[PDB]
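> Sequence first, structure after, both from an experimental entry:
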Amino acid sequence: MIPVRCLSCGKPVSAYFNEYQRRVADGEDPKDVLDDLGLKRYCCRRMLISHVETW
Ligand SMILES: [Zn+2]
């Protein structure tokens, strides 16, 4: 997960980032993944679901 910025808000998103990747890959609703990812506060998601530079 990117430092400084908000990509967790308390809970790690890296381990979950795999879910987003797998889902978004096949074509699954990422926002739904966000629910699974477990990223408190949308302040992170809003940046993730859009950017979330997984590369
Ligand atoms: Zn946050």
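Structure received. Residues are numbered from 1 along each chain as shown.

> for the lengthiest helix in the chain, packing partners?
The single longest helix within the chain, with elements called by DSSP state H, is helix 14-26. Using 3 or more CB pairs under 8 Å, 6 or more residues apart in numbering; DSSP states H and E as the contact test, the elements touching helix 14-26 are helix 30-37. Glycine gets a C-beta too; all of them are placed from N, C-alpha and C.

> returning to that earlier point: what's next to the longest helix of the chain, contact-wise?
The contact list for helix 14-26 (CB atoms under 8 Å, 6 or more residues apart in numbering) reads 1, 28-30, 32-34, 36-39, 48, 52, 54.

> Save those as TSV, and put in neighbour count and distance to the ion too.
Shown next, in TSV, are the contacts of helix 14-26 (neighbours: other CB atoms under 10 Å; distance: CB to the ion, whole Å):
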residue	neighbour count	distance to the ion
1	17	11
28	14	23
29	11	21
30	19	17
32	12	19
33	22	16
34	22	12
36	12	17
37	27	12
38	15	12
39	28	7
48	27	10
52	22	13
54	11	18
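
> JSON lines for those, including distance to residue 21?
Converted to JSON lines, the contacts of helix 14-26 look like this (distance: CB to CB, whole Å):
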{"residue": "1", "distance to residue 21": "13"}
{"residue": "28", "distance to residue 21": "10"}
{"residue": "29", "distance to residue 21": "14"}
{"residue": "30", "distance to residue 21": "10"}
{"residue": "32", "distance to residue 21": "14"}
{"residue": "33", "distance to residue 21": "9"}
{"residue": "34", "distance to residue 21": "13"}
{"residue": "36", "distance to residue 21": "12"}
{"residue": "37", "distance to residue 21": "11"}
{"residue": "38", "distance to residue 21": "15"}
{"residue": "39", "distance to residue 21": "14"}
{"residue": "48", "distance to residue 21": "11"}
{"residue": "52", "distance to residue 21": "9"}
{"residue": "54", "distance to residue 21": "6"}
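
> got the residues of the chain near the ion?
6, 9, 41, 43, 44 (CB under 5 Å from the ion).
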